[PDB]
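Which chain is which? The protein sequence lines are C and Z, in order. Mapping of the first sequence onto my numbering: position 113 corresponds to residue 187, and the numbering continues sequentially without gaps. Mapping of the second sequence onto my numbering: position 24 corresponds to residue 98, and the numbering continues sequentially without gaps. Note that CB positions come from ideal geometry on N, CA and C, so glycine has one too. A quick write-up on the structure given underneath.
Number of protein chains: 2
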Amino acid sequence: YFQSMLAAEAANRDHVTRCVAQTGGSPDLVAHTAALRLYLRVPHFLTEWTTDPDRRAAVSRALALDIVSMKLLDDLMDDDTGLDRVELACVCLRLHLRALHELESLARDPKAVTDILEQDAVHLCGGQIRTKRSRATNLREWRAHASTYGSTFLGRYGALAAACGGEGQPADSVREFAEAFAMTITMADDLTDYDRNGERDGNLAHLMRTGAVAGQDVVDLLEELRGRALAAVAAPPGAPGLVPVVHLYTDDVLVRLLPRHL
Amino acid sequence: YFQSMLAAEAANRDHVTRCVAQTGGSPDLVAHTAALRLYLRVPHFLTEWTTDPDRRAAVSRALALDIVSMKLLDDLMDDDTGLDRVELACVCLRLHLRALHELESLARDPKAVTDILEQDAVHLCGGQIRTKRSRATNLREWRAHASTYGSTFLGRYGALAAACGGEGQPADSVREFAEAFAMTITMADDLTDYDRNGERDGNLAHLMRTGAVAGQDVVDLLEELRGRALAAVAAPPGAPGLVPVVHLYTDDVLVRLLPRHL
């Protein structure tokens, strides 16, 4: 297995850069995206409940298209990227439309896509604006912040995976998994991002340094998330394949990232 | 009539700012959007072939949502706006999703929306990237540039208006009208933009100043576009209401803008 997830990570990486390029992506931008490993890979975990190998691989790639799309729109707003402003926007919009197209023809009911995508957009976009306006000060906040720009974000994709992915999928469980996993990745981020490229206002690693957030509680949260996740992959039929993955990621924060800010 | 188009411009301005705000738009951003008059108004012209007053008003507002959406994504890339980076992106994405939702429930066949939206995206996004990479040098170019980032852009919306707008619409004519009108607005732009906020590389007003573009030809192009437009509103059944509008806009470039760079 810890292979096939690289196999997908690879296919999707192709399909995406294929697009990025044929729309006018420059060497730098195709490079940039080709290197967005986690993004390219997550669509795999979300489609895990899909039995047909082809549909599964079709949705998997379709979702990567949109996840990278959003990722570029993000670089457009942080603007640190140093990448070209124009390319970013156009390629972003291009990938997005293609994803919409693809996801929509994979889904049993075409309406479902825009439904899922709209049905809580207000929360995710607002959630994201607030997150950066009133930067958080203690784990109770940071958490509620990350539970929108992170959980609700990937959560939607999971919801999509279930609808496009083919009849007989435990809709809620996929979503639940997505949300837990998403937040675990979020924290994983902030801890890499405090060191790797000095960031600090409302950043979980700082709130730990500043003694505003309890090491024991970060760990508690982490594990509570591993709980939520593992639980969902367990709901019937279930995704036994994702169990190693859950532990893999969560374990990684504990083992390699948490030690630094403790 | 030259009333009702302000009546719509008004309704749409509401619906849009209503959204901008309830998603966390700041005073400045709601202000900014509230002021995007032409954008807010164009959806009116495109829905002119729709007979039912309510559907017409529903599609009209739905299209405004996405036109402003793209407009914000544009400010995000030029980044001159001086507006907040984050808000822009989130609000942008928010409006966009809402538009997708709305347009999709108005359309007879839900697939049609993403179809229209995808079916040539490659051309529009690439077209737009190129446009700014190899900035044009003579009317023959500027034109072909503006015929993507401008004509194909609004063209799609017109295509949408026809599909969402309700059975019995001259699909092609709406689109044709849109494209002509779009390019007439484009030139209208570049000429305002050379003076108003000193812009100059690949800008039609400059290519005129630099004697690289013939005054007589700009005028010829202009009028050829009024031709293409008027022709389309004339195809059966036809939009007699748009005839005054066509002339109004095109006339305006001749009368007030062209005199400066001649």
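Delimiting residues of the alpha helix (DSSP H) encompassing residue i
i, result
"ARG283 of chain C", "278 to 283"
"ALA132 of chain Z", "127 to 152"
"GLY224 of chain C", "Looking at the DSSP string, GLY224 of chain C is not in any alpha helix (DSSP H), and its letter there is neither H nor E."
"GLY315 of chain C", "Looking at the DSSP string, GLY315 of chain C is not in any alpha helix (DSSP H), and its letter there is neither H nor E."
"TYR113 of chain Z", "111 to 120"
"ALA82 of chain Z", "78 to 96"
"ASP194 of chain Z", "Taken as a continuous stretch (DSSP letters only), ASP194 of chain Z belongs to no alpha helix (DSSP H), as it is neither H nor E."
"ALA108 of chain C", "101 to 108"
"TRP123 of chain C", "Run containing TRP123 of chain C: none; DSSP gives neither H nor E here."
"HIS219 of chain C", "213 to 220"
Status (buried if at least 16 other CB within 10 Å, exposed otherwise) for residue i
i, result
"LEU322 of chain C", "exposed"
"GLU241 of chain C", "exposed"
"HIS197 of chain C", "exposed"
"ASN277 of chain C", "buried"
"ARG249 of chain Z", "buried"
"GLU298 of chain Z", "exposed"
"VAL329 of chain Z", "exposed"
"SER78 of chain Z", "exposed"
"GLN96 of chain C", "exposed"
"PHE119 of chain Z", "buried"
"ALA81 of chain C", "exposed"
"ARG92 of chain C", "exposed"
"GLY99 of chain C", "buried"
"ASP189 of chain C", "buried"
"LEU146 of chain C", "buried"
"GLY285 of chain C", "exposed"
"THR125 of chain C", "exposed"
"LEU332 of chain Z", "buried"
"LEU296 of chain C", "buried"
"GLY272 of chain Z", "exposed"
"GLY156 of chain Z", "exposed"
"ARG274 of chain C", "exposed"
"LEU336 of chain Z", "exposed"
8 Å contact criterion, which residue i and residue j should meet: CB distance rounded
i, j, result
"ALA173 of chain Z", "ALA136 of chain Z", "6 Å"
"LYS185 of chain Z", "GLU176 of chain C", "Wrong, their Cβ atoms sit about 12 Å apart, outside the cutoff."
"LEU191 of chain Z", "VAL116 of chain Z", "About 17 Å separates the two Cβ atoms, so there is no contact after all."
"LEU213 of chain Z", "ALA288 of chain Z", "7 Å"
"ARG334 of chain Z", "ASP269 of chain Z", "7 Å"
"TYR75 of chain C", "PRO318 of chain C", "7 Å"
"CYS164 of chain C", "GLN202 of chain Z", "5 Å"
"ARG129 of chain Z", "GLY239 of chain Z", "7 Å"
"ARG302 of chain C", "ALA254 of chain C", "4 Å"
"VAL327 of chain C", "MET261 of chain C", "6 Å"
"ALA306 of chain C", "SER247 of chain C", "5 Å"
"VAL90 of chain C", "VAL142 of chain C", "5 Å"
"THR121 of chain C", "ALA235 of chain C", "5 Å"
- Query: On the three-pair Cβ rule with 8 Å, is the stretch 145 to 164 of chain Z touching the stretch 136 to 152 of chain C?
  - Reply: yes
- Unbroken stretches of the alpha helix (DSSP H), 4 residues or longer, contained in the stretch 241 to 295 of chain C: 245 to 269, 278 to 283
- Okay, do the stretch 98 to 110 of chain Z and the stretch 308 to 323 of chain C touch, 3+ Cβ pairs below 8 Å being the bar? no
- Message: List, from N- to C-terminal side, the alpha helix (DSSP H) runs of 4 residues or more that fit wholly inside the stretch 153 to 180 of chain C.
- Response: 159 to 180
- Query: With contact counted as at least three CB pairs below 8 Å, one residue from each stretch, are the stretch 201 to 210 of chain C and the stretch 168 to 186 of chain C in contact?
  - Reply: no
- Message: Does the contact criterion of 3 or more C-beta pairs under 8 Å hold for the stretch 279 to 295 of chain C versus the stretch 220 to 229 of chain C?
- Response: no
- Task: Answer yes if the stretch 138 to 146 of chain Z comes into contact with the stretch 83 to 95 of chain Z, meaning at least three C-beta pairs across the two stretches below 8 Å, and no otherwise.
- Result: yes
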